[PDB]
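Asker: Here you go, model.pdb (PDB, C-alpha atoms):
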```
ATOM      1  CA  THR A  12     -14.286   8.178  11.444  1.00  0.00           C
ATOM      2  CA  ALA A  13     -12.293   7.052   8.412  1.00  0.00           C
ATOM      3  CA  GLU A  14      -9.294   8.860   9.921  1.00  0.00           C
ATOM      4  CA  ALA A  15      -9.599   6.875  13.175  1.00  0.00           C
ATOM      5  CA  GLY A  16     -10.214   3.539  11.398  1.00  0.00           C
ATOM      6  CA  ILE A  17      -7.327   3.767   8.924  1.00  0.00           C
ATOM      7  CA  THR A  18      -4.506   5.104  11.118  1.00  0.00           C
ATOM      8  CA  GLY A  19      -2.219   2.343  12.429  1.00  0.00           C
ATOM      9  CA  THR A  20      -0.461  -0.846  11.433  1.00  0.00           C
ATOM     10  CA  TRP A  21      -1.790  -3.245   8.830  1.00  0.00           C
ATOM     11  CA  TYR A  22      -0.541  -6.577   7.502  1.00  0.00           C
ATOM     12  CA  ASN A  23      -1.122  -8.083   4.034  1.00  0.00           C
ATOM     13  CA  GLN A  24      -1.510 -11.735   2.970  1.00  0.00           C
ATOM     14  CA  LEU A  25       2.222 -11.941   2.057  1.00  0.00           C
ATOM     15  CA  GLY A  26       3.570 -10.834   5.456  1.00  0.00           C
ATOM     16  CA  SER A  27       4.181  -7.191   4.482  1.00  0.00           C
ATOM     17  CA  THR A  28       3.650  -4.401   7.070  1.00  0.00           C
ATOM     18  CA  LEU A  29       1.958  -1.039   6.411  1.00  0.00           C
ATOM     19  CA  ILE A  30       2.195   1.751   9.013  1.00  0.00           C
ATOM     20  CA  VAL A  31      -0.001   4.670   8.048  1.00  0.00           C
ATOM     21  CA  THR A  32      -1.418   7.880   9.487  1.00  0.00           C
ATOM     22  CA  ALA A  33      -4.619   9.231   7.974  1.00  0.00           C
ATOM     23  CA  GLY A  34      -4.699  13.017   8.316  1.00  0.00           C
ATOM     24  CA  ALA A  35      -7.842  15.069   8.827  1.00  0.00           C
ATOM     25  CA  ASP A  36      -7.582  16.545   5.314  1.00  0.00           C
ATOM     26  CA  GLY A  37      -7.229  13.328   3.304  1.00  0.00           C
ATOM     27  CA  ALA A  38      -3.489  12.644   3.532  1.00  0.00           C
ATOM     28  CA  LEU A  39      -1.945   9.201   4.008  1.00  0.00           C
ATOM     29  CA  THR A  40       1.623   9.180   5.329  1.00  0.00           C
ATOM     30  CA  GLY A  41       3.790   6.405   6.676  1.00  0.00           C
ATOM     31  CA  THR A  42       6.019   3.492   5.818  1.00  0.00           C
ATOM     32  CA  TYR A  43       5.847   0.128   4.108  1.00  0.00           C
ATOM     33  CA  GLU A  44       7.952  -2.978   4.640  1.00  0.00           C
ATOM     34  CA  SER A  45       7.646  -5.633   1.907  1.00  0.00           C
ATOM     35  CA  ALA A  46       7.985  -9.344   2.615  1.00  0.00           C
ATOM     36  CA  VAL A  47       8.636  -9.938  -1.092  1.00  0.00           C
ATOM     37  CA  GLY A  48      10.638  -8.618  -4.038  1.00  0.00           C
ATOM     38  CA  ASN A  49      13.777  -6.543  -4.315  1.00  0.00           C
ATOM     39  CA  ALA A  50      13.106  -4.855  -1.009  1.00  0.00           C
ATOM     40  CA  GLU A  51      14.657  -4.608   2.424  1.00  0.00           C
ATOM     41  CA  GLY A  52      13.668  -2.454   5.403  1.00  0.00           C
ATOM     42  CA  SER A  53      10.994   0.223   5.325  1.00  0.00           C
ATOM     43  CA  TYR A  54      10.078   2.583   2.485  1.00  0.00           C
ATOM     44  CA  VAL A  55       8.305   5.935   2.531  1.00  0.00           C
ATOM     45  CA  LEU A  56       4.585   5.778   1.698  1.00  0.00           C
ATOM     46  CA  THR A  57       2.291   8.619   0.713  1.00  0.00           C
ATOM     47  CA  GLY A  58      -1.288   8.668  -0.516  1.00  0.00           C
ATOM     48  CA  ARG A  59      -4.825  10.019  -0.172  1.00  0.00           C
ATOM     49  CA  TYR A  60      -8.155   8.812   1.163  1.00  0.00           C
ATOM     50  CA  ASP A  61     -11.732  10.062   1.106  1.00  0.00           C
ATOM     51  CA  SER A  62     -12.038  11.902   4.441  1.00  0.00           C
ATOM     52  CA  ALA A  63     -15.829  12.036   4.267  1.00  0.00           C
ATOM     53  CA  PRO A  64     -16.996   8.655   2.937  1.00  0.00           C
ATOM     54  CA  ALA A  65     -20.605   7.617   2.450  1.00  0.00           C
ATOM     55  CA  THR A  66     -22.384   6.346   5.563  1.00  0.00           C
ATOM     56  CA  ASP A  67     -24.481   3.722   3.755  1.00  0.00           C
ATOM     57  CA  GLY A  68     -22.199   0.701   4.321  1.00  0.00           C
ATOM     58  CA  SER A  69     -19.890   1.553   1.426  1.00  0.00           C
ATOM     59  CA  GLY A  70     -16.144   1.370   1.943  1.00  0.00           C
ATOM     60  CA  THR A  71     -13.744   4.330   2.097  1.00  0.00           C
ATOM     61  CA  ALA A  72     -11.807   4.879  -1.179  1.00  0.00           C
ATOM     62  CA  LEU A  73      -8.019   5.340  -0.860  1.00  0.00           C
ATOM     63  CA  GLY A  74      -4.694   4.850  -2.567  1.00  0.00           C
ATOM     64  CA  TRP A  75      -0.989   5.129  -1.858  1.00  0.00           C
ATOM     65  CA  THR A  76       2.434   4.839  -3.505  1.00  0.00           C
ATOM     66  CA  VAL A  77       5.789   3.417  -2.469  1.00  0.00           C
ATOM     67  CA  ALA A  78       8.890   4.038  -4.591  1.00  0.00           C
ATOM     68  CA  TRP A  79      11.217   1.126  -3.892  1.00  0.00           C
ATOM     69  CA  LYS A  80      14.291   3.227  -2.952  1.00  0.00           C
ATOM     70  CA  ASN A  81      15.445   3.557   0.649  1.00  0.00           C
ATOM     71  CA  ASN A  82      18.619   3.457   2.765  1.00  0.00           C
ATOM     72  CA  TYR A  83      19.260  -0.171   1.793  1.00  0.00           C
ATOM     73  CA  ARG A  84      18.363  -0.703  -1.854  1.00  0.00           C
ATOM     74  CA  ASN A  85      16.991   0.803  -5.038  1.00  0.00           C
ATOM     75  CA  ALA A  86      14.854  -1.476  -7.162  1.00  0.00           C
ATOM     76  CA  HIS A  87      14.066   1.218  -9.800  1.00  0.00           C
ATOM     77  CA  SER A  88      10.379   0.563  -9.318  1.00  0.00           C
ATOM     78  CA  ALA A  89       7.267   1.953  -7.663  1.00  0.00           C
ATOM     79  CA  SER A  90       4.003   0.382  -6.547  1.00  0.00           C
ATOM     80  CA  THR A  91       0.555   1.942  -6.200  1.00  0.00           C
ATOM     81  CA  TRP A  92      -2.238   0.363  -4.177  1.00  0.00           C
ATOM     82  CA  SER A  93      -5.805   1.355  -5.017  1.00  0.00           C
ATOM     83  CA  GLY A  94      -8.688   0.193  -2.884  1.00  0.00           C
ATOM     84  CA  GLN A  95     -11.047   0.717  -0.024  1.00  0.00           C
ATOM     85  CA  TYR A  96     -11.030   0.549   3.725  1.00  0.00           C
ATOM     86  CA  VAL A  97     -13.829  -1.524   5.280  1.00  0.00           C
ATOM     87  CA  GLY A  98     -14.411  -0.853   8.980  1.00  0.00           C
ATOM     88  CA  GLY A  99     -15.643  -2.916  11.909  1.00  0.00           C
ATOM     89  CA  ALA A 100     -14.588  -5.974  13.912  1.00  0.00           C
ATOM     90  CA  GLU A 101     -12.912  -7.610  10.921  1.00  0.00           C
ATOM     91  CA  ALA A 102     -11.555  -4.431   9.342  1.00  0.00           C
ATOM     92  CA  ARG A 103      -9.809  -4.690   5.974  1.00  0.00           C
ATOM     93  CA  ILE A 104      -8.104  -2.606   3.365  1.00  0.00           C
ATOM     94  CA  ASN A 105      -8.855  -4.384   0.103  1.00  0.00           C
ATOM     95  CA  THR A 106      -6.551  -3.306  -2.704  1.00  0.00           C
ATOM     96  CA  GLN A 107      -5.316  -3.912  -6.205  1.00  0.00           C
ATOM     97  CA  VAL A 108      -1.698  -3.036  -6.769  1.00  0.00           C
ATOM     98  CA  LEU A 109       0.301  -1.927  -9.824  1.00  0.00           C
ATOM     99  CA  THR A 110       4.083  -2.290  -9.679  1.00  0.00           C
ATOM    100  CA  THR A 111       5.949  -0.434 -12.448  1.00  0.00           C
ATOM    101  CA  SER A 112       9.652  -0.948 -13.033  1.00  0.00           C
ATOM    102  CA  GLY A 113      11.794   1.471 -15.010  1.00  0.00           C
ATOM    103  CA  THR A 114      12.306  -0.106 -18.447  1.00  0.00           C
ATOM    104  CA  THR A 115      13.651   0.698 -21.861  1.00  0.00           C
ATOM    105  CA  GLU A 116      11.081   1.784 -24.441  1.00  0.00           C
ATOM    106  CA  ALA A 117      11.342  -1.637 -26.099  1.00  0.00           C
ATOM    107  CA  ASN A 118      10.462  -3.387 -22.833  1.00  0.00           C
ATOM    108  CA  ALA A 119       7.669  -1.059 -21.736  1.00  0.00           C
ATOM    109  CA  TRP A 120       5.026  -3.713 -22.445  1.00  0.00           C
ATOM    110  CA  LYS A 121       6.479  -5.741 -19.533  1.00  0.00           C
ATOM    111  CA  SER A 122       7.025  -2.807 -17.133  1.00  0.00           C
ATOM    112  CA  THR A 123       3.951  -3.218 -14.930  1.00  0.00           C
ATOM    113  CA  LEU A 124       2.687  -6.023 -12.694  1.00  0.00           C
ATOM    114  CA  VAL A 125      -0.862  -6.224 -11.386  1.00  0.00           C
ATOM    115  CA  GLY A 126      -1.799  -8.007  -8.179  1.00  0.00           C
ATOM    116  CA  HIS A 127      -4.141  -7.757  -5.224  1.00  0.00           C
ATOM    117  CA  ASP A 128      -3.356  -7.282  -1.538  1.00  0.00           C
ATOM    118  CA  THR A 129      -5.705  -7.642   1.401  1.00  0.00           C
ATOM    119  CA  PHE A 130      -4.673  -5.906   4.642  1.00  0.00           C
ATOM    120  CA  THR A 131      -5.847  -6.850   8.143  1.00  0.00           C
ATOM    121  CA  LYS A 132      -5.106  -5.422  11.596  1.00  0.00           C
ATOM    122  CA  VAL A 133      -3.680  -8.745  12.829  1.00  0.00           C
ATOM    123  CA  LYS A 134      -0.898 -10.816  11.194  1.00  0.00           C
ATOM    124  CA  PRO A 135      -2.170 -13.613   8.903  1.00  0.00           C
TER
END
```
Would you write out, as structure tokens, the structure that this file holds?
Answerer:
Amino acid sequence: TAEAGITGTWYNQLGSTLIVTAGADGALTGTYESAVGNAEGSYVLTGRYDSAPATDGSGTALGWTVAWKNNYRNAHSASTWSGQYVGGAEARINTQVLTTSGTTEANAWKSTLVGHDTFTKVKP
């Protein structure tokens, strides 16, 4: 199942660590530790996934958010990852990620970064 495949620890191409539980209903809950940026320690993560994906070889759609405030630091920013889980022997979560920082109105045009993160079950 998608639930079974997604739950656990994942690692992106930058050295960041995702620990997530996929609930029976569609919930994603866990923590995120970033190897980059104004970030230290782990941050709360919450999101959603399709709990009944197609069975035709298509991936499982999902997304999650981390606000970059925890017991260590507050970066006044939040990231969202949107993507799909791909199961099997070389399982992946392939994502694109938006990172929005709080800005003044004048600076809103430069508030949001776009990037792409690929997550694997073993460290890169």
Asker: Using only C-alpha atoms, pick whichever of A:110, A:80, A:102, A:45 has the shortest atom-to-atom distance to residue 19 of chain A.
Answerer: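 Smallest distance to residue 19 of chain A is found for A:102.
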Asker: What does the PyMOL selection byres ((chain A and resi 56) around 7) select in this file, as a list in words?
Answerer: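 The output of the PyMOL selection byres ((chain A and resi 56) around 7) on this file is residues 40, 41, 42, 43, 54, 55, 57, 58, 75, 76 and 77 of chain A.
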Asker: Selection from above, C-alpha atoms, as a PDB file, in the frame of the given file, can you write it?
Answerer:
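Below is the file that was written, result18.pdb:
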```
ATOM      1  CA  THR A  40       1.623   9.180   5.329  1.00  0.00           C
ATOM      2  CA  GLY A  41       3.790   6.405   6.676  1.00  0.00           C
ATOM      3  CA  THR A  42       6.019   3.492   5.818  1.00  0.00           C
ATOM      4  CA  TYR A  43       5.847   0.128   4.108  1.00  0.00           C
ATOM      5  CA  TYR A  54      10.078   2.583   2.485  1.00  0.00           C
ATOM      6  CA  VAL A  55       8.305   5.935   2.531  1.00  0.00           C
ATOM      7  CA  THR A  57       2.291   8.619   0.713  1.00  0.00           C
ATOM      8  CA  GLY A  58      -1.288   8.668  -0.516  1.00  0.00           C
ATOM      9  CA  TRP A  75      -0.989   5.129  -1.858  1.00  0.00           C
ATOM     10  CA  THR A  76       2.434   4.839  -3.505  1.00  0.00           C
ATOM     11  CA  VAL A  77       5.789   3.417  -2.469  1.00  0.00           C
TER      12      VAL A  77
END
```
Asker: Pull out every residue that the PyMOL selection byres ((chain A and resi 22) around 10) matches in the shown coordinates and put them as a PyMOL selection string.
Answerer: chain A and resi 20-21+23-30+43-45+103-104+128-135
Asker: Tell me which residues the PyMOL selection byres ((chain A and resi 113) around 7) grabs here, as a list in words.
Answerer: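 Checked against the file, the PyMOL selection byres ((chain A and resi 113) around 7) matches residues 87, 88, 111, 112, 114 and 122 of chain A.
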Asker: Within 12 Å of residue 82 of chain A, counting all atoms listed in the file, which residues show up once you throw out same-chain ones fewer than 2 positions away? Write them as a tab-separated table (two decimals) with C-alpha atoms, keeping the file's coordinate frame, please.
Answerer:
```
chain	number	residue	atom	x	y	z
A	50	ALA	CA	13.11	-4.86	-1.01
A	51	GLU	CA	14.66	-4.61	2.42
A	52	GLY	CA	13.67	-2.45	5.40
A	53	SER	CA	10.99	0.22	5.32
A	54	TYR	CA	10.08	2.58	2.48
A	55	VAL	CA	8.30	5.94	2.53
A	79	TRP	CA	11.22	1.13	-3.89
A	80	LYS	CA	14.29	3.23	-2.95
A	84	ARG	CA	18.36	-0.70	-1.85
A	85	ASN	CA	16.99	0.80	-5.04
A	86	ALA	CA	14.85	-1.48	-7.16
```
Asker: Could you tell me how far atom CA of residue 89 of chain A sits from atom CA of residue 15 of chain A, in Å to one decimal place?
Answerer: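 Going from atom CA of residue 15 of chain A over to atom CA of residue 89 of chain A covers 27.3 Å.
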Asker: Pick from A:118, A:71, A:123, A:90: nearest to residue 13 of chain A, with all atoms listed in the file counted?
Answerer: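 For residue 13 of chain A, the nearest of the candidates is A:71.
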Asker: Return the single residue from A:98, A:49, A:126, A:33 that is closest to residue 83 of chain A, with distances computed using only C-alpha atoms.
Answerer: A:49
Asker: Output segment 60-84 of chain A with N, CA, C and O atoms present, as a short mmCIF file (atom, residue, chain, number, x, y, z; two decimals), in the frame of the given file.
Answerer:
```cif
data_model
loop_
_atom_site.label_atom_id
_atom_site.label_comp_id
_atom_site.auth_asym_id
_atom_site.auth_seq_id
_atom_site.Cartn_x
_atom_site.Cartn_y
_atom_site.Cartn_z
N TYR A 60 -6.94 9.57 0.92
CA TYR A 60 -8.15 8.81 1.16
C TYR A 60 -9.31 9.80 1.20
O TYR A 60 -9.11 11.00 1.41
N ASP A 61 -10.51 9.27 0.99
CA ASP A 61 -11.73 10.06 1.11
C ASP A 61 -12.02 10.31 2.60
O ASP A 61 -12.39 9.39 3.33
N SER A 62 -11.87 11.57 3.03
CA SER A 62 -12.04 11.90 4.44
C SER A 62 -13.49 12.11 4.88
O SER A 62 -13.78 12.36 6.06
N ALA A 63 -14.42 11.99 3.93
CA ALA A 63 -15.83 12.04 4.27
C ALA A 63 -16.58 11.01 3.43
O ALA A 63 -17.33 11.37 2.51
N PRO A 64 -16.39 9.71 3.75
CA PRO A 64 -17.00 8.65 2.94
C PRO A 64 -18.51 8.61 3.12
O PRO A 64 -19.06 9.25 4.03
N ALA A 65 -19.18 7.86 2.26
CA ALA A 65 -20.60 7.62 2.45
C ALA A 65 -20.82 6.84 3.74
O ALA A 65 -19.91 6.16 4.25
N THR A 66 -22.04 6.95 4.28
CA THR A 66 -22.38 6.35 5.56
C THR A 66 -23.44 5.26 5.36
O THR A 66 -24.23 4.95 6.26
N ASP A 67 -23.46 4.69 4.16
CA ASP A 67 -24.48 3.72 3.76
C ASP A 67 -23.98 2.27 3.77
O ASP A 67 -24.66 1.37 3.29
N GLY A 68 -22.79 2.04 4.32
CA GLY A 68 -22.20 0.70 4.32
C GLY A 68 -21.14 0.54 3.24
O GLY A 68 -20.49 -0.51 3.14
N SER A 69 -20.95 1.57 2.43
CA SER A 69 -19.89 1.55 1.43
C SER A 69 -18.52 1.73 2.08
O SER A 69 -18.39 2.37 3.12
N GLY A 70 -17.49 1.18 1.45
CA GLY A 70 -16.14 1.37 1.94
C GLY A 70 -15.60 2.77 1.69
O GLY A 70 -16.25 3.61 1.05
N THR A 71 -14.40 3.02 2.20
CA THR A 71 -13.74 4.33 2.10
C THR A 71 -12.63 4.22 1.04
O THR A 71 -11.66 3.49 1.25
N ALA A 72 -12.79 4.93 -0.08
CA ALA A 72 -11.81 4.88 -1.18
C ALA A 72 -10.46 5.49 -0.76
O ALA A 72 -10.43 6.50 -0.06
N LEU A 73 -9.36 4.86 -1.19
CA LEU A 73 -8.02 5.34 -0.86
C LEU A 73 -7.00 4.83 -1.88
O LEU A 73 -7.30 3.96 -2.71
N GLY A 74 -5.81 5.39 -1.82
CA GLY A 74 -4.69 4.85 -2.57
C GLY A 74 -3.40 5.35 -1.98
O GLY A 74 -3.38 6.39 -1.28
N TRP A 75 -2.32 4.63 -2.25
CA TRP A 75 -0.99 5.13 -1.86
C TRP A 75 0.10 4.59 -2.78
O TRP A 75 -0.14 3.66 -3.55
N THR A 76 1.28 5.20 -2.69
CA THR A 76 2.43 4.84 -3.50
C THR A 76 3.64 4.60 -2.62
O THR A 76 3.85 5.29 -1.63
N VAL A 77 4.45 3.62 -3.02
CA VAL A 77 5.79 3.42 -2.47
C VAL A 77 6.75 3.36 -3.66
O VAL A 77 6.54 2.56 -4.57
N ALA A 78 7.77 4.21 -3.66
CA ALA A 78 8.89 4.04 -4.59
C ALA A 78 9.91 3.17 -3.87
O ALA A 78 10.25 3.44 -2.71
N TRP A 79 10.41 2.14 -4.55
CA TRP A 79 11.22 1.13 -3.89
C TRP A 79 12.71 1.51 -3.78
O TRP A 79 13.59 0.75 -4.18
N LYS A 80 12.95 2.70 -3.23
CA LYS A 80 14.29 3.23 -2.95
C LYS A 80 14.30 3.65 -1.49
O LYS A 80 13.41 4.38 -1.03
N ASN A 81 15.28 3.16 -0.74
CA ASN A 81 15.44 3.56 0.65
C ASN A 81 16.92 3.51 1.02
O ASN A 81 17.78 3.51 0.12
N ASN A 82 17.23 3.45 2.32
CA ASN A 82 18.62 3.46 2.76
C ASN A 82 19.39 2.18 2.45
O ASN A 82 20.62 2.14 2.53
N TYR A 83 18.67 1.13 2.07
CA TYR A 83 19.26 -0.17 1.79
C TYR A 83 19.46 -0.46 0.31
O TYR A 83 20.51 -0.92 -0.09
N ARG A 84 18.43 -0.19 -0.49
CA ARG A 84 18.36 -0.70 -1.85
C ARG A 84 17.60 0.26 -2.75
O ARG A 84 16.83 1.09 -2.27
#
```
